[PDB]
């Protein structure tokens, strides 16, 4: 059997995390942000947010084809204000913890698209598509349900062509 690209992508992203020491950033110990919903939902730190953005840029840009990138100006992935999910939203979306690790970075998972970093599983929940961007509400779930149990990272805005080009690792 041949090794699928998804397997190497997941390994690649794990090595990116390690080279940038992001496991320590996404530890319960380093999750010192202010509370959003007492007792268990906290704001992500600036370092957690910037690490998450950097990891999204790493994943999406590496496979963005050259002929498009010479013809389209690609915007930096960033967080935008607002669209904060409710506590009930966060609770309901914790279904992402039931999924196997191999389903990470798989755009085919719809609502449950996620990636793991350090002690947290980060769900990029679809909010809307507007102009040429995807908006997603990013919440981190502690994988052992320790506290901080939930981290609100923000609504991320990603240029649609970046997601479109990855395709679906599963149907």
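Numbering follows the first chain given and starts at 1.
In this entry, the higher average B-factor at the C-alpha atoms falls on 67-75, of the pair 67-75 and 80-88. Residue set 58, 145, 106, 34: peak C-alpha B-factor at 34 (per PDB entry).
Placement of the Cα temperature factor of residue 47 within the chain: highest third of the modelled residues, per the deposited record. In the PDB entry, residue 111 places in the middle third of its chain by CA B-factor. Among the modelled residues of its chain, residue 128 has a C-alpha B-factor that falls in the highest third according to the deposited record. The entry lists a Cα temperature factor for residue 16 that places it in the middle third of the chain's modelled residues. Among the modelled residues of its chain, residue 10 has a C-alpha B-factor that falls in the middle third according to the deposited record.
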